[PDB]
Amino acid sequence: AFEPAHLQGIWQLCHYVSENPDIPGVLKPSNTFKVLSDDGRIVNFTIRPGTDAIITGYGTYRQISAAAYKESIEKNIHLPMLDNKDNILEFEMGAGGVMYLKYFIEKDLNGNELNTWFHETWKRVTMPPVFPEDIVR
């Protein structure tokens, strides 16, 4: 028995950036989005400036404990070793709409031992007060 978390929404992948590799990267929003629907569907897609955005992964999802949810992946071109497999995302909600995710993958695409944790940082997409001027739809 756990309280449902606020997973449903549109989430933007972030990354860490620095002009100097000796200075810790600062968090910046990037080009990938995860849609967690109210009806238990998950889709990841990546924008490609100047051309068509692409779906990179899809399946279903449900929260499984207080601090984790499961994605049941049908196909994933970013991480094809997850095709037709479950992946457990351990999550931590931070400030300003940030969600820190980690997930473990046992084997690589060829079935060899991988046993690695992967980390991602996401930020909830929300509606601002006004539609900005000089924005290109």
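Counting begins at 1, following the sequence as shown.
Participant: Got a sec? Mean C-alpha B-factor, which is higher, 104 to 112 or 33 to 41?
Facilitator: Higher of the two, by average CA B-factor, is 104 to 112.
Participant: So which stretch wins on mean C-alpha B-factor, 22 to 30 or 49 to 57?
Facilitator: Result: 22 to 30.
Participant: Test of reading the entry: by CA B factor among the chain's modelled residues, which third contains residue 73?
Facilitator: Bottom third by C-alpha B-factor.
Participant: If you rank every modelled residue in this chain by C-alpha B factor, which third holds residue 66: lowest, middle or highest?
Facilitator: Residue 66: CA B-factor falls in the highest third of its chain.
Participant: State the tercile, meaning the lowest, middle or highest third, of residue 81 with respect to the CA B-factors recorded for its chain.
Facilitator: As the PDB entry reports it, the C-alpha B-factor of residue 81 lands in the middle third of its chain.
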